[PDB]
Amino acid sequence: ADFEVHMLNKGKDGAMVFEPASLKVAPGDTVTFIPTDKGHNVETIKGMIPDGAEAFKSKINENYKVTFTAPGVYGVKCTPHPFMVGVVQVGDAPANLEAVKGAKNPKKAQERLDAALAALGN
Ligand SMILES: [Cl-]
Ligand SMILES: [Cu+2]
């Protein structure tokens, strides 16, 4: 299956956001990150992806597609916007949950990550 995540200045969930900011996918599914507004990108957060997964980074304004196969949670961020974060999860019972959950990001960013993990049923 293929999914889209849009990058927005303001969305359903607030300002500088990925929409949706949480997505549960099956191994082999893809996500394309699509700028709806100018000035955003996506990159994996250091330490916040599964073993077996590769880090990634897009260019500002780039439509950027990633295939997710390794099970677990994937923390993503937009480089210029400190609170603009999200989580993609592959499968159930992610093994690296604490890499995201126990992290020490700015409160607004961390709340967004934590709410994403909670919405994913963790
Ligand atoms: Cl593009
Ligand atoms: Cu952004």
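Positions of Cβ are backbone-derived with ideal geometry, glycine not excepted, and every protein chain shown enters the neighbour counts. A short reminder: the numbers here are calculations on the coordinates, not readings from a lab.
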Taking the C-alpha atoms of the chain, convex hull volume expressed per residue in Å³: 88
Eligible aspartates and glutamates near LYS104 by straight Cα distance, threshold 15 Å, same-chain separation 8 or greater: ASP114
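Take the Cβ-Cβ distance between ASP2 and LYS104 as r, set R0 to 25 Å, and report the resulting FRET efficiency rounded to the nearest 0.05.
0.15
Give the peptides 21-34, 53-66, 77-90 in descending order of average Cβ contacts within 10 Å, highest first.
Values: 21-34: 17.2, 53-66: 14.3, 77-90: 21.7.
For the peptides 21-34, 53-66, 77-90, the packing ranking is 77-90, 21-34, 53-66.
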Candidate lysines - alpha carbon under 18 Å from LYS59, same-chain residues fewer than 8 apart omitted: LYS38, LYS46, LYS77
Pairwise label distance in nanometres, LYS57 with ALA15, each label 7 Å out on the Cα-Cβ vector: 2.7
